[PDB]
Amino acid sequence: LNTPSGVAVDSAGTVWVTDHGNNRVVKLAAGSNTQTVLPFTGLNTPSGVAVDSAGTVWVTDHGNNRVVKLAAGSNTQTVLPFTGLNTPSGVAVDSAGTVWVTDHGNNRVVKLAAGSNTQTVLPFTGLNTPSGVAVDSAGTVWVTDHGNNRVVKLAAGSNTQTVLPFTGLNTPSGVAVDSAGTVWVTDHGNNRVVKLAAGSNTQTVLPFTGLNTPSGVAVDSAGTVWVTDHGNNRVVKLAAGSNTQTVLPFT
């Protein structure tokens, strides 16, 4: 791996990672010790990655200002009909096929409606180079407002954006949310992963060891947390309640 940048997991425990420095996306099946390389073509510094229950994988092709997807078992990648993207940095999908992207260079989050392919700009305000995005089952959208060192969220159709009471963030880079409303953020500039548990107002720091500039985070329904340890070219995970991380066998 070369400065990996995004990570996604599905319910089967498969892990996808954007290997940003090597212009590729790699995959690890649960229990396997050898990654596979997804057959994308022409990627340039891929940033975010998202997967759905059908095994379709979306990647923000940061360097080519586009979002590309691959269906399970296909050699043909599809360029989505987003327009006017500038260094897009994160991507999220829901079960209806709606796609959200953090259009990092344009200080905005864009939504691509399934079917119609209508592109709308979410009414976030005051964003500055947003990096990561997550969407929960309720359709609430969380964004790491990287340039303003904060995390905000916007409920569906709302014009109320909420700043989460994370504290002391520095260039936050990724965000993950589970069914319960817990939120995890990679506080990239502070080499740590912070968490706001559902119903709490005090952030905690996950007991990862030796992180440098962590860049992406993913969680599953078991509460396992995966983090791309971007500055160490590795991916690490913690089982819920554990203090002993595992380093995944990416190479």
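Start at 1 and count along the sequence shown; that's the residue number.
**Student:** Can you tell me whether 138-146 has a higher mean C-alpha B factor than 71-79 in this record, or the other way round?
**Tutor:** The recorded data point to 71-79.
**Student:** Look over 61-69 and 194-202 in the entry and identify the one with the greater average Cα temperature factor.
**Tutor:** The recorded data point to 194-202.
**Student:** Looking at the C-alpha B-factor values in the deposited entry, which of 29, 219, 50, 185 comes out highest?
**Tutor:** Of 29, 219, 50, 185, 29 has the highest C-alpha B-factor.
**Student:** Tell me, please, which of 215, 35, 45, 224 has the highest C-alpha B factor according to the deposited entry?
**Tutor:** Largest recorded C-alpha B-factor: 45.
**Student:** Select lowest, middle or highest to describe the third in which the CA B-factor of residue 177 falls within its chain in this entry.
**Tutor:** Its C-alpha B-factor, which the entry lists for residue 177, ranks in the middle third among residues of this chain.
**Student:** Compared with the other modelled residues in the chain, in which third is the CA B-factor of residue 123?
**Tutor:** Within its chain, residue 123 is a middle-third residue by C-alpha B-factor, going by the deposited values.
**Student:** Quick check for you: using the entry's CA B-factors within this chain, is residue 101 in the lowest, middle or highest third?
**Tutor:** CA B-factor rank for residue 101: lowest third.
**Student:** Test of reading the entry: by CA B factor among the chain's modelled residues, which third contains residue 151?
**Tutor:** Lowest third.
**Student:** Can you work out whether the C-alpha temperature factor of residue 238 puts it in the lowest, middle or highest third of the chain?
**Tutor:** Bottom third by C-alpha B-factor.
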